[PDB]
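Structure first, then comments.
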Protein chains: 2
Amino acid sequence: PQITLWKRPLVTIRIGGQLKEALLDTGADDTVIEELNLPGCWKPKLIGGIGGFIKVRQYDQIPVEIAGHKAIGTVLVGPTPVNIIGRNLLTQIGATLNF
Amino acid sequence: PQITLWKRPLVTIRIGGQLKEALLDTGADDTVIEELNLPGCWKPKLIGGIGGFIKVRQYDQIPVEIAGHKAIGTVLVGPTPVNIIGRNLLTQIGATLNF
Ligand SMILES: CCCC[C@H](CC(O)(O)[C@H](CCCC)NC(=O)[C@@H](NC(=O)[C@@H](NC(C)=O)[C@@H](C)O)[C@@H](C)CC)C(=O)N[C@@H](CCC(N)=O)C(=O)N[C@@H](CCCNC(=N)N)C(N)=O
(Lines give C-alpha, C1' and ligand atoms only; values in the text may rest on other atoms or scores of the structure.)
Protein backbone atom coordinates (compact mmCIF):
# COMPACT_ATOMS: atom_id res chain seq x y z
CA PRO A 1 0.00 0.00 0.00
CA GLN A 2 0.72 3.68 -0.33
CA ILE A 3 0.12 6.15 2.50
CA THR A 4 -0.02 9.87 1.72
CA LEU A 5 0.97 12.45 4.33
CA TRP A 6 -1.89 14.92 4.25
CA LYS A 7 -2.88 13.61 7.68
CA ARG A 8 -0.91 11.75 10.34
CA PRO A 9 -0.04 8.25 8.97
CA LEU A 10 -1.97 6.23 11.60
CA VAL A 11 -2.52 2.53 10.97
CA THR A 12 -3.79 -0.47 12.92
CA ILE A 13 -1.22 -2.66 14.64
CA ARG A 14 -1.56 -5.86 16.70
CA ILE A 15 0.67 -6.23 19.77
CA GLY A 16 0.40 -8.42 22.86
CA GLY A 17 -3.07 -9.54 21.73
CA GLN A 18 -4.45 -6.02 21.34
CA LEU A 19 -5.40 -3.93 18.26
CA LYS A 20 -4.10 -0.34 18.52
CA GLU A 21 -3.60 2.68 16.30
CA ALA A 22 0.01 3.77 15.74
CA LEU A 23 1.93 6.41 13.77
CA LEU A 24 4.35 5.29 11.07
CA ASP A 25 7.37 7.43 11.96
CA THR A 26 10.45 7.62 9.72
CA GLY A 27 11.95 10.03 12.27
CA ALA A 28 11.89 7.42 15.10
CA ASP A 29 14.77 4.98 15.45
CA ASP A 30 12.66 2.79 17.78
CA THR A 31 9.08 1.76 18.37
CA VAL A 32 7.31 3.29 21.38
CA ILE A 33 3.95 2.01 22.64
CA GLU A 34 1.59 3.63 25.20
CA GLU A 35 1.56 2.16 28.64
CA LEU A 36 0.50 -1.48 28.22
CA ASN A 37 0.71 -4.06 30.97
CA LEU A 38 2.61 -6.61 28.90
CA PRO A 39 3.93 -9.68 30.67
CA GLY A 40 7.58 -10.49 30.32
CA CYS A 41 10.98 -9.31 31.36
CA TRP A 42 12.12 -5.81 30.46
CA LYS A 43 14.91 -3.40 31.00
CA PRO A 44 15.07 0.32 31.69
CA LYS A 45 15.91 2.80 28.91
CA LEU A 46 15.63 6.57 28.26
CA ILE A 47 14.64 8.00 24.87
CA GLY A 48 14.59 11.57 23.68
CA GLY A 49 13.28 13.99 21.12
CA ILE A 50 11.56 17.34 21.12
CA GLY A 51 10.99 18.30 24.74
CA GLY A 52 13.70 16.06 26.22
CA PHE A 53 13.78 12.49 27.48
CA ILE A 54 11.33 9.98 28.99
CA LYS A 55 11.83 6.71 30.83
CA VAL A 56 10.63 3.54 29.07
CA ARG A 57 10.62 -0.23 29.53
CA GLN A 58 12.37 -2.17 26.77
CA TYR A 59 10.79 -5.54 25.77
CA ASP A 60 12.59 -7.68 23.18
CA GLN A 61 11.23 -10.14 20.60
CA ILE A 62 7.64 -8.89 20.69
CA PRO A 63 5.52 -9.76 17.65
CA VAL A 64 3.94 -6.58 16.15
CA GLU A 65 1.71 -6.86 13.08
CA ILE A 66 1.46 -3.59 11.14
CA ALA A 67 -1.41 -3.35 8.61
CA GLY A 68 -1.30 -7.13 8.26
CA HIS A 69 2.47 -7.31 7.80
CA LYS A 70 4.21 -9.28 10.53
CA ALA A 71 7.22 -7.88 12.35
CA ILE A 72 9.02 -8.91 15.57
CA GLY A 73 11.45 -6.94 17.61
CA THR A 74 12.07 -4.47 20.34
CA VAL A 75 9.20 -2.42 21.72
CA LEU A 76 9.66 0.44 24.21
CA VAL A 77 6.72 1.00 26.58
CA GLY A 78 6.14 4.32 28.33
CA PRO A 79 3.98 7.39 28.55
CA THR A 80 3.37 8.62 25.01
CA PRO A 81 0.44 10.53 23.42
CA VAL A 82 0.74 8.37 20.37
CA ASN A 83 1.98 4.89 19.63
CA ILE A 84 5.01 5.20 17.31
CA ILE A 85 6.27 2.61 14.80
CA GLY A 86 9.92 3.38 14.20
CA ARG A 87 12.54 2.26 11.70
CA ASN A 88 13.39 -0.95 13.59
CA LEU A 89 10.01 -2.36 12.50
CA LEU A 90 9.37 -0.25 9.36
CA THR A 91 12.39 -1.94 7.71
CA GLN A 92 10.91 -5.38 8.48
CA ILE A 93 7.73 -4.61 6.57
CA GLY A 94 9.64 -3.16 3.62
CA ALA A 95 8.55 0.44 4.07
CA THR A 96 10.17 3.15 1.95
CA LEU A 97 9.81 6.89 1.42
CA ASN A 98 9.17 7.89 -2.18
CA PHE A 99 9.13 11.25 -4.04
CA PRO B 1 14.05 9.03 -5.03
CA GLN B 2 13.14 5.81 -3.12
CA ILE B 3 14.65 5.92 0.37
CA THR B 4 14.90 2.82 2.55
CA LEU B 5 14.96 3.05 6.36
CA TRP B 6 17.97 0.99 7.49
CA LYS B 7 19.64 4.31 8.26
CA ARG B 8 18.13 7.67 9.28
CA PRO B 9 16.60 9.35 6.15
CA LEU B 10 18.84 12.41 6.24
CA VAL B 11 19.01 14.76 3.25
CA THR B 12 20.52 18.15 2.33
CA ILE B 13 18.21 21.17 2.22
CA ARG B 14 18.74 24.81 1.17
CA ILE B 15 17.01 27.49 3.27
CA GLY B 16 17.66 31.30 3.38
CA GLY B 17 20.59 30.66 1.01
CA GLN B 18 22.34 28.21 3.41
CA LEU B 19 22.82 24.40 3.15
CA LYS B 20 21.71 22.24 6.09
CA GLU B 21 21.12 18.56 6.83
CA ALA B 22 17.60 17.41 7.87
CA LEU B 23 15.67 14.26 8.70
CA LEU B 24 12.57 13.27 6.60
CA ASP B 25 10.07 12.82 9.43
CA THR B 26 6.63 11.38 8.79
CA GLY B 27 5.92 11.58 12.52
CA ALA B 28 6.19 15.38 12.47
CA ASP B 29 3.26 17.59 11.57
CA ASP B 30 5.64 20.54 10.99
CA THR B 31 9.17 21.32 9.86
CA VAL B 32 11.49 22.31 12.72
CA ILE B 33 15.01 23.65 12.25
CA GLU B 34 17.73 24.51 14.78
CA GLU B 35 18.20 28.13 15.81
CA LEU B 36 19.10 30.42 12.92
CA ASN B 37 18.16 33.71 11.38
CA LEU B 38 15.51 33.72 8.66
CA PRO B 39 14.31 36.83 6.83
CA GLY B 40 10.98 38.38 7.67
CA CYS B 41 8.62 38.36 10.63
CA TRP B 42 7.97 35.48 13.01
CA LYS B 43 5.41 34.60 15.70
CA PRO B 44 6.06 32.66 18.98
CA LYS B 45 4.52 29.17 19.16
CA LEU B 46 4.91 26.04 21.31
CA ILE B 47 5.16 22.47 19.94
CA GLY B 48 5.35 19.04 21.54
CA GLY B 49 7.33 15.90 21.05
CA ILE B 50 8.12 12.67 22.85
CA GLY B 51 9.63 14.50 25.84
CA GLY B 52 7.32 17.48 26.21
CA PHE B 53 7.00 21.02 24.82
CA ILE B 54 9.39 23.62 23.52
CA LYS B 55 9.11 27.20 22.36
CA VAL B 56 9.78 28.01 18.71
CA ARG B 57 9.64 30.92 16.21
CA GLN B 58 7.13 30.40 13.42
CA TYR B 59 8.10 31.76 9.96
CA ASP B 60 5.55 31.48 7.15
CA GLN B 61 6.01 31.14 3.42
CA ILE B 62 9.70 30.21 3.49
CA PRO B 63 11.22 28.64 0.40
CA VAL B 64 13.03 25.36 1.21
CA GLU B 65 14.70 23.12 -1.45
CA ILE B 66 14.68 19.47 -0.17
CA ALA B 67 16.93 17.02 -2.06
CA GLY B 68 16.40 19.29 -5.09
CA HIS B 69 12.59 19.57 -4.82
CA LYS B 70 11.07 22.96 -4.07
CA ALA B 71 8.69 23.71 -1.22
CA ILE B 72 7.41 26.97 0.18
CA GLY B 73 5.79 26.88 3.60
CA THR B 74 6.01 27.19 7.35
CA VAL B 75 9.34 26.64 9.11
CA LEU B 76 9.55 26.53 12.93
CA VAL B 77 12.93 27.56 14.37
CA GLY B 78 14.04 26.54 17.86
CA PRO B 79 15.90 24.05 20.11
CA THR B 80 15.04 20.88 18.29
CA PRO B 81 17.55 18.01 18.74
CA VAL B 82 17.51 17.28 14.97
CA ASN B 83 16.47 19.38 11.93
CA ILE B 84 13.26 17.72 10.72
CA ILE B 85 11.19 18.00 7.55
CA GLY B 86 7.63 17.32 8.56
CA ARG B 87 4.43 16.59 6.70
CA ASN B 88 3.68 20.23 5.83
CA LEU B 89 6.63 20.17 3.40
CA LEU B 90 6.74 16.47 2.66
CA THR B 91 3.31 16.76 1.06
CA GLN B 92 4.56 19.62 -1.15
CA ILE B 93 7.31 17.46 -2.61
CA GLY B 94 4.93 14.55 -3.19
CA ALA B 95 6.42 12.21 -0.57
CA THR B 96 4.54 9.04 0.32
CA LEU B 97 5.18 5.95 2.43
CA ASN B 98 5.01 2.66 0.59
CA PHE B 99 5.13 -1.00 1.66
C1 LIG C 1 4.85 12.00 20.22
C2 LIG C 1 4.79 12.84 18.93
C3 LIG C 1 4.99 12.04 17.65
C4 LIG C 1 6.49 11.68 17.61
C5 LIG C 1 7.37 12.55 16.73
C6 LIG C 1 8.81 12.10 16.83
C7 LIG C 1 9.79 12.60 15.78
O8 LIG C 1 9.32 13.92 15.23
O9 LIG C 1 9.64 11.66 14.62
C10 LIG C 1 11.24 12.68 16.25
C11 LIG C 1 12.25 13.20 15.22
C12 LIG C 1 13.72 13.28 15.69
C13 LIG C 1 13.91 14.03 17.03
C14 LIG C 1 13.30 15.40 16.88
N15 LIG C 1 11.72 11.38 16.70
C16 LIG C 1 11.82 11.09 18.11
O17 LIG C 1 11.45 11.89 18.99
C18 LIG C 1 12.42 9.74 18.48
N19 LIG C 1 13.82 9.93 18.73
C20 LIG C 1 14.77 9.28 18.07
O21 LIG C 1 14.52 8.50 17.17
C22 LIG C 1 16.24 9.58 18.45
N23 LIG C 1 16.48 10.70 19.35
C24 LIG C 1 16.99 11.87 18.97
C25 LIG C 1 17.18 12.88 20.07
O26 LIG C 1 17.36 12.08 17.80
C27 LIG C 1 16.83 8.29 18.97
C28 LIG C 1 18.34 8.46 19.19
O29 LIG C 1 16.18 7.89 20.19
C30 LIG C 1 11.67 9.16 19.69
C31 LIG C 1 10.21 8.83 19.32
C32 LIG C 1 12.33 7.92 20.25
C33 LIG C 1 12.45 6.72 19.30
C34 LIG C 1 7.30 14.02 17.08
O35 LIG C 1 7.88 14.60 18.04
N36 LIG C 1 6.39 14.82 16.39
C37 LIG C 1 6.22 16.26 16.65
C38 LIG C 1 7.26 17.05 15.90
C39 LIG C 1 7.11 18.56 16.06
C40 LIG C 1 6.08 19.20 15.15
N41 LIG C 1 5.52 20.33 15.54
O42 LIG C 1 5.83 18.69 14.08
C43 LIG C 1 4.80 16.67 16.33
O44 LIG C 1 4.21 16.27 15.29
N45 LIG C 1 4.16 17.43 17.22
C46 LIG C 1 2.82 17.97 17.02
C47 LIG C 1 1.96 17.08 17.89
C48 LIG C 1 1.16 16.08 17.07
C49 LIG C 1 -0.36 16.30 17.18
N50 LIG C 1 -0.93 16.43 15.85
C51 LIG C 1 -1.88 15.71 15.31
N52 LIG C 1 -2.04 15.84 13.99
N53 LIG C 1 -2.63 14.84 16.02
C54 LIG C 1 2.82 19.40 17.41
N55 LIG C 1 2.12 20.31 16.75
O56 LIG C 1 3.46 19.78 18.32
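Each ligand, and each atom within it, is numbered from 1 in the order the structure gives. Lettering of chains follows the sequences in order, A, B, ..., and the numbering in each one begins at 1. Note: hydrogens, waters and symmetry copies are ignored here, and every other heavy atom, side chains too, is used.
Note: no N/O pair closer than 3.5 Å links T80(B) and ligand 1 by distance alone. The N/O atoms of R87(B), backbone and side chain alike, include none that comes under 3.5 Å of an N/O atom in ligand 1.
Between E21(A) and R8(A) no salt bridge is recorded (no basic side-chain N to carboxylate O distance below 4.0 Å).
Heavy-atom distances between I50(B) and ligand 1 reach below 4.0 Å in at least one pair.
If you take CD1 on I85(A) and OG1 on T26(A), they are separated by 13.0 Å, rounding to the nearest 0.5 Å.
Between the side chain of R87(A) and the backbone N or O of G27(A) there is no donor-acceptor pair closer than 3.5 Å. No side-chain donor-acceptor contact under 3.5 Å links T74(A) to the backbone of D60(A). Distance alone, capped at 3.5 Å, is enough to place a donor-acceptor pair between the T31(A) side chain and the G86(A) backbone. Panel note: side chain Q92(A), backbone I72(A); a donor-acceptor pair is recorded below 3.5 Å.
Evaluated by nearest non-hydrogen atom to atom 50 (N) of ligand 1, the leading choice among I47(A), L23(B), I54(B), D29(B) is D29(B). Taking each of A28(B), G49(A), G48(B) in turn, the one with a heavy atom nearest to atom 17 (O) of ligand 1 proves to be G49(A).
With contacts defined as side-chain heavy-atom distances shorter than 4.5 Å, the pair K20(B)/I33(B) qualifies.
For ligand 1 and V82(B), the ligand atoms under 4.0 Å from any heavy atom of the residue are 26 (O). Shown in contact with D30(A) at under 4.0 Å from a heavy atom are these atoms of ligand 1, numbered in order with element: 33 (C). Those atoms of ligand 1 that come under 4.0 Å of a heavy atom in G27(B), given as number and element, are 3 (C), 5 (C), 34 (C), 36 (N), 44 (O). Residue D25(A) approaches ligand 1 through these ligand atoms, each under 4.0 Å from one of its heavy atoms: 4 (C), 5 (C), 6 (C), 7 (C), 9 (O).
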